[PDB]
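Engineer: For what it's worth, my numbering labels the leading residue of the sequence shown as 242, then goes sequentially. Backbone N, C-alpha and C fix where the C-beta goes; we use that ideal spot for every residue, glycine too.
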Amino acid sequence: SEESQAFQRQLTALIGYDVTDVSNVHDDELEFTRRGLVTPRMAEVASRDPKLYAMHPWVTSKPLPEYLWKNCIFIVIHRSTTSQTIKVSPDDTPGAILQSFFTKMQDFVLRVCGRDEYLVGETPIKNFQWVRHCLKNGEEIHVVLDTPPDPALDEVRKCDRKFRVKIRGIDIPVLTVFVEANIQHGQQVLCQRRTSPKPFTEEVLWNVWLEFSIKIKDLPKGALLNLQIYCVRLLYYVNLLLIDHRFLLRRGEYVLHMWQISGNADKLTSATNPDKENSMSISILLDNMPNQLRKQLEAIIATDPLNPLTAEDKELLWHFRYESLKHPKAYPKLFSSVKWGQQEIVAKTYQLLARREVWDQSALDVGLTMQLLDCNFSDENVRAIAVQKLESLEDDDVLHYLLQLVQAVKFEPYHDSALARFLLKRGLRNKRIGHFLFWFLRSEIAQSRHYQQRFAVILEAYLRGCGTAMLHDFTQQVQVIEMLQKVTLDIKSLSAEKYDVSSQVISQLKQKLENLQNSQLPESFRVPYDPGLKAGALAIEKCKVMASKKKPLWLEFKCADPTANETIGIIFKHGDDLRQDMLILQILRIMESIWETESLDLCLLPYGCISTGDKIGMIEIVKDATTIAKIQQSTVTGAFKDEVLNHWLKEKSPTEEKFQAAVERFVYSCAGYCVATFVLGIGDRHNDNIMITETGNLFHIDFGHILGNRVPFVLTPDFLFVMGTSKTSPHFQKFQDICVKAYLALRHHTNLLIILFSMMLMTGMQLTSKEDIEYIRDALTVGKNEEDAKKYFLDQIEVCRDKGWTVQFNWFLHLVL
Ligand SMILES: Nc1cc(C(F)(F)F)c(-c2cc(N3CCOCC3)nc(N3CCOCC3)n2)cn1
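(1) Can you list, in chain order, the stretches of the alpha helix (DSSP H) that have 4 or more residues and sit fully within the segment 918-991?
(2) Can you tell me whether DSSP reads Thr853 as helix, strand or coil?
(3) Is it buried or exposed, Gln602, if we count other Cβ atoms within 10 angstroms and call 16 or more buried?
(4) Tell me which residues share the same chain as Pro654 and place their Cβ nearer than 6 Å to its Cβ, disregarding the 5 neighbours each side in the sequence.
(5) If you draw a straight line from the alpha carbon of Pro390 to that of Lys367, how long is it in whole angstroms?
(6) Taking all protein chains shown into account, do 16 or more other C-beta atoms lie within 10 angstroms of the C-beta of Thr1009, making it buried, or fewer, making it exposed?
(7) Can you list the beta strand (DSSP E) stretches of 3 or more residues lying completely in the segment 855-899, in chain order?
(8) Would you kindly work out how many angstroms separate the C-alpha atoms of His972 and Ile835, rounded to a whole number?
(9) Count the other C-beta atoms from every protein chain shown that fall within 10 angstroms of the C-beta of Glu898, then say buried if there are 16 or more, exposed otherwise.
(10) Should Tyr770 be listed as close to ligand 1, given that the test is whether its C-beta is under 7 Å from any heavy atom?
(11) Please classify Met346: is it buried, with 16 or more other beta-carbons within 10 angstroms of its beta-carbon, or exposed?
(12) Comparing the CB of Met787 with every heavy atom of ligand 1, is any distance shorter than 7 Å?
(13) When the Cα atoms are used, what is the spatial distance from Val579 to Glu539?
(14) If you measure between the beta carbons of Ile732 and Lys753, is that distance less than 8 Å?
(15) Note down, in chain order, each residue of its chain lying with its Cβ closer than 6 Å to the Cβ of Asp259, except the 5 sequence neighbours on either side.
(16) Between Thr918, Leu527 and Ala870, which lies nearest to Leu846 when the distance is taken from Cα to Cα?
(17) Should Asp865 be counted as a contact of ligand 1 given a C-beta to heavy atom distance under 7 Å?
(18) What runs of the beta strand (DSSP E), each 3 residues or longer, lie entirely inside the segment 746-832?
(19) Are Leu465 and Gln425 close, meaning C-beta to C-beta below 8 Å?
(20) By DSSP, does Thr326 sit in helix, in strand, or in coil?
(21) If you run the structure through DSSP and keep just helix, strand and coil, what is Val361?
(22) Hey, would you say the C-beta of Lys739 is under 7 Å away from at least one heavy atom of ligand 1?
(23) Relative to the C-alpha of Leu482, which candidate in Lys630, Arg402, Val266 and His676 has its C-alpha closest?
(24) Based on the DSSP output, what are the partners of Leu490 in its beta bridges?
(25) Quick one: grab the DSSP three-state call for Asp269.
(26) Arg492 and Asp528 - do their beta-carbons sit closer together than 8 Å?
(27) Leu774: buried (16+ other C-beta within 10 angstroms of its C-beta) or exposed?
(28) Can we count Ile413 as close to ligand 1, meaning its CB is less than 7 Å from some heavy atom?
(29) By Cβ distance below 8 Å, which residues in the same chain neighbour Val698 in space, the five residues on each side in sequence not counted?
(30) Quick check on this structure: which residue in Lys399, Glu585 and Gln537 has the alpha carbon closest to the alpha carbon of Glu564?
(31) By Cβ distance, which residues of its chain are closer than 8 Å to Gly965, with the 5 residues on each side in sequence left out?
(32) Have a look at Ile851, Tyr642 and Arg670 and flag the residue whose alpha-carbon is nearest the alpha-carbon of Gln726.
(33) DSSP on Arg352, reduced to helix/strand/coil?
(34) At which residues does the alpha helix (DSSP H) containing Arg535 begin and terminate?
(35) Assuming the contact rule is C-beta atoms closer than 8 Å, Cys844 and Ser910 should be a hit. Round their C-beta distance to whole Å, please.
(36) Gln429 bridges to which residues according to DSSP?
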């Protein structure tokens, strides 16, 4: 069909990669995966509620916090002229509120004023994320009687002998070298052979038959042939799945283009190097119970995920594997104790999985579930039982772990996978999920040559089922992002390695932007980091180019929603890998959850940020916020003064009653960022990397900088001037009381943070894993008593008092030399 070709052209333009193209494939897995996802796609499309899918009700079914609980409450309503306030009970259906509205006087829906968010469905108003946002921020719930959107807008378009591999030779377009062949399964190497080293040249031939110890029957599905080149240090690498998607053993001649290194999930990839004119290639041929022991494992099951098992541990686990089966928290360690290079053993582990009665009936432990989805596990079925526990996550939580579940796809041996199919369903089922699925996938596709192939096939599958509404919506989003990012770069080319920003460049930018505002960027576009916001025409008289080191584009747009006057602010930066920033910010959001469960709000501000390409993305502008550094520089440039901080809160808050609030907001925002940054290990920043709002909310910025390059956290005397310490004030007591509660509340979800962290460093960081990840263990005091850990953190606080301006004074010296 002529139109099928133009649709595929629209698909490719949205994704960023051509899925139909078969230049960089030596098999058809991707094309087989493309078709595989056709069934699950259409399945969830057929299963989704048209009315609800079109209105995407963002709701939660978790307990309301003890603080937020502090019956019947007011909400304003609207019909152009009418705006009557109504007293509504917490447990009241949105439909019943319409019937309660008829009393004060049938298909008109209660929509949110300002953004495109809806209040529908059979759920209490208390269980809405927008309603809980209004209460917490202390605002007025303003609604408007809009008529529900036509679901028609979301319509869809129709042997036994040993294994041996022959290494023929290696070629490169442009002083000794050998080839290493490793049979891997879950990063663990089963067998290893190496060729005799020959001198480095353009064509190094061997024609060597490399026979391993492994039997063919013993090869586990998901086994990767890791071919590497040395000198001794690793230079090029490339992988080939010994068993394919049709369960077939790989036979035949394979000329594989290898990846070059720069010394990481990027090592596992089955994909081959796209660039053929430059990359090095390789040609190969394929033609084929007592109390002491119980006490013993009770310890092993009880230790952290980063605690390595000895051969003695693993033997113990496997031998009493049925007692190990009775403990959910033992599954990752038990499934590490498996001899995967052994058909006999594996089958037994499968017979073991059939008795999942205890695992199935266990309460969802996300930290445990994902621990089974990292790189330690190549087995499809083990990983399956993980994606199975995930199923009972309500849309609210999926959105908490989407980014990391999406990155987790890199650890999957095959393209088509249970996890992938899960992520496809949950995104087609919920528009918010779908939105972020899109941008997370499109993030990698446009800067990861290692995985863009697999990811494109996933995203393409999604777009074919999301509905023409979002299809068009995504398009006008991508249209604008590219437009702006282009402006960002041309303005970066004018910016030199100078400290100050040009005068002639500010009118240049304006001019450049005035070209776009004329005819190009659509009258409206839905902001990527916040799908609730619909932005429109630029406030060009407020768009500027910041005096930063990277000097990014500061951009402001007007609200396109007429029910809303405050501008939508977006920062466009190039030079910094915003995938790093993306992950940190997301773990921050997860931390707010951990605190909410324990009934705490620590006033964190995880600002919106999405990477849209190669070290280029966008960041949300927090209104009325400025840097701690700039505030020190306003009164004083180096000799910091404690008084300044509290003077700035007085200055920016008129009402004394509003000033007390500002300080209250700060004691929470400070403590929260003190705790978080310390655990994530990025606690030692410069004043310029911490900001505060006029309302008195402190928040950290720029997170790729720190981990991607002493004091526990940034607790300087000026912050202590606000609590009332030169000494322990009634607010500094409030401060530590909070820190402790928060620190402990985080400690209770240790295994979670620990595997998220290790995952982050694997999927989005170029770092020595063994050493780097083991900081988060120490930082949380793994094993130590509650009272013993309590002081440990209070001990960190004292360190900040001991080294008051010591640290910042040094950063000010460093960020100058
Ligand atoms: N990776 C980056 C890059 C920048 C990047 F923008 F600098 F590139 C920022 C950044 C800098 C900045 N600066 C303004 C204050 O002076 C320091 C720079 N302000 C903000 N904000 C986002 C949150 O809301 C407030 C604004 N982000 C953060 N992370």
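Structural biologist: So, from the data block:
(1) 945-948, 958-964 and 973-988
(2) strand
(3) exposed
(4) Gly463 and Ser619
(5) 24 Å
(6) exposed
(7) 857-861 and 866-868
(8) 24 Å
(9) exposed
(10) no
(11) exposed
(12) yes
(13) 18 Å
(14) yes
(15) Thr253
(16) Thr918
(17) no
(18) 775-779, 794-800 and 809-815
(19) yes
(20) strand
(21) coil
(22) no
(23) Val266
(24) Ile484
(25) coil
(26) yes
(27) buried
(28) no
(29) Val260, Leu271, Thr274, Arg275, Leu278 and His656
(30) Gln537
(31) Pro971, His972 and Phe973
(32) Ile851
(33) strand
(34) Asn532 to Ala543
(35) 4 Å
(36) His426
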